[PDB]
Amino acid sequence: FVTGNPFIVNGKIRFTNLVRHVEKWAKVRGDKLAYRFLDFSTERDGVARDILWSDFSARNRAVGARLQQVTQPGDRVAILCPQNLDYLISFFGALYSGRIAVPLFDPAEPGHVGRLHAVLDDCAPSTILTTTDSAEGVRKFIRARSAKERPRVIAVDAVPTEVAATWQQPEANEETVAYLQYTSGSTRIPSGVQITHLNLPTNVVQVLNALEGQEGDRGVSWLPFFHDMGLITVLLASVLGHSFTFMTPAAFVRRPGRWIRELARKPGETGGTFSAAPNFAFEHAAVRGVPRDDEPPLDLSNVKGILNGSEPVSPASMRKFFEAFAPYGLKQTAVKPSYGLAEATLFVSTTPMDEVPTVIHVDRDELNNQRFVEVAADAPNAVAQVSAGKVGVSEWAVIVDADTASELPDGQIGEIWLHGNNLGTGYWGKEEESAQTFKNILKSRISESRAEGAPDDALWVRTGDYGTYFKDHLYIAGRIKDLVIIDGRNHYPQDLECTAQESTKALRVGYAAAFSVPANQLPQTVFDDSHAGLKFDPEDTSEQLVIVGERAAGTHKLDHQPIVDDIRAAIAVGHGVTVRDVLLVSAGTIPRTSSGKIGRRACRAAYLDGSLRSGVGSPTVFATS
């Protein structure tokens, strides 16, 4: 699978069904450690829970068989389990049964129980997989829903291993849906991306090829298995030939040094380590994860690549991360900005293995007008842009003017459209939205197209992201739906947030949200302020800028103006827009998505409801102070 590659013939992927492969892999390395769960739920210093490939293989076959009895073909099997070893057994066990898996989370964890109801409504699974300790909690949750199709709850650790003897190899085609990856799609109703048996292995090869993963290397992770980056990482790490070590996201947030520690060289280890994380985590680890004087020596010279993706990369957070860990051997080539999305299984691009991150600066006015014009770092009105690198093999990413379905030249910002075998096939039960998102014809190409190699009649998937190529690197400008359009002009919310943050110490880094709202709904307090601009008018529906930013840690007083004036002035000058309401709230209050990204839509929804000014929560595993 990996050197130390027969699936890449003449620069193209070739090599299906994972169950088949997982089983061979399991028997060959039986009695070797497959997974190690570092459990920090009871002991702060942690407890190691291990499972060998043979045991893992056996458990998957037991669960698969139990499912093959209590479910019908076509049924969905949802996993409502905390992050631990039974989660993997539940997920793999579901794949082993041949039914469509739906990896989710334990209703007993905080943050998004509301999403869980929506997903269950959408895919109506006949069976829920969980652990014995979470079972009562899961049954309570399920009982509270409609009696009609009330699904069976199965505790996987209670299923005897010998049941595996009645397991029958499921038969699967390459186009068969293996599982559903739920994402908060175009509407309130979540979308379940159909990931097939061909999508998985293709994207694994795409990733391992880009990282030059070799036998002897190993993966480490704290990412949630209910998110694409966390789940796919399990599979990537599993094929490196060394055990995969993981922890829960909450354990990372509480003490990020636990992750840093697992990334370190083990005694006598010659291979390298890989991991992945969202931007905010580099900031957190840089500040909270440096080892004290007491701790045993820490060596990070073995770290090959920590992929940084899922949200815009802050050059300052990366800088602070490199600087905090450089003394321990962390190479400048070890942090790798990358791009991906659920619809592509996971991975689309990453920085080439041998190079450091590419960070450039572009003129703001040109950027907002959909063009990359490079400018010096200290140039006024400059916007930092971090490259997402080069597109994976046997995969294409083109920049398109959606209106006419035409490719755009380099430097021009358009929507990013993708084509490749790693691209999902649709959204569960959504025929029309699936057609609109996944079955698009690229009508016009520029000569020397980025579609070179794709068939003329190749189908393209619309990502919903704006982006461009610049000096052969793919840049992710931002998410189309998150744009702040005011007075007929676009603004990237992360750009406005950066400016707000940079103007005043009263805001904590990475916790700001910029969104537009019709002048109708903004509070009365805004009109009673000389620093406002507009005045009372119930007819006016024009979009107006609002900025919400968590108060820097240790904030106990309210001295709004001096901070707000700096923010409004900083944004007026550099963006040509007047911030109307600057709302600063309790540390750890701004809404976070389930993977820990800032929830802008949710911050806008709660701003209007008055649900945000007030709030001693809402608990999330990502909360800190």
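The first residue of the sequence shown is number 1, and the count goes up from there.
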Report summary line: For the neighbouring pair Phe15 and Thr16, the stretch of deposited sequence with no coordinates amounts to 1 to 3
Query raised in the report: What number of deposited residues lacks coordinates in the span between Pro619 and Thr620: none, 1 to 3, 4 to 9, or 10 or more?
Result: none
Report summary line: Mean Cα B-factor check, 404 to 412 vs 528 to 536, entry values; winner is 528 to 536
Report task. For the higher mean C-alpha B factor in the entry, choose 324 to 332 or 545 to 553. Result -> 545 to 553
Requested in this report: Name the one of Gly599, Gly46, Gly574, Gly64 with the greatest CA B-factor according to the PDB entry.
Outcome: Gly574
Query - Options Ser447, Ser394, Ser243, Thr351 - largest CA temperature factor per the record - result: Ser447
Query - Chain-relative CA temperature factor third for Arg265 - result: lowest
Query raised in the report: Comparing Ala34 with the other modelled residues of its chain, is its CA B-factor in the lowest, middle or highest third?
Result: lowest
Query raised in the report: According to the PDB entry, is the CA B factor of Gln168 in the bottom, middle or top third of its chain, that is, lowest, middle or highest?
Result: highest
Query - Ranked C-alpha temperature factor of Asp157 among modelled chain residues, by third - result: middle
Query raised in the report: By the record's CA B-factor, is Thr593 among the lowest, middle or highest third of residues in the chain?
Result: lowest
